[PDB]
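In the form deposited in one PDB entry, a lone chain appears below as structure tokens.
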């Protein structure tokens, strides 16, 4: 399937134990996709002061269209030193590994895979 329905746990930035996916744009996109498939991916909602508390490269989920079954259609865009790899819509948040942090909410997305 080109798309997969996922329910992503929304984590508070100060709770996150593993603050990124790796060391290159290509590695973080790879790892983010693997964690999304394995159900071990969390989402941090971006506000003032969140991104400096996380590790670059960043992986964003961005709205790819205007929402089947409640699920917003999203795709992945990486960012390293102010350059983005991918082009998409509004940021829904930044992806991080989930290692058992308690979420504040869930975000239903349809991920272009």
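Positions refer to the first chain, counted from 1.
This next part talks about the form solved in complex with a small molecule, which is not shown.
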Is there a heavy atom of residue 33 no more than 4.5 Å from a heavy atom of the small molecule in the bound PDB entry?
yes
Does any heavy atom of residue 108 come within 4.5 Å of a heavy atom of the small molecule in the bound PDB entry?
no
Give a yes/no on whether residue 63 approaches the small molecule to within 4.5 Å in the bound PDB entry, heavy atoms considered.
no
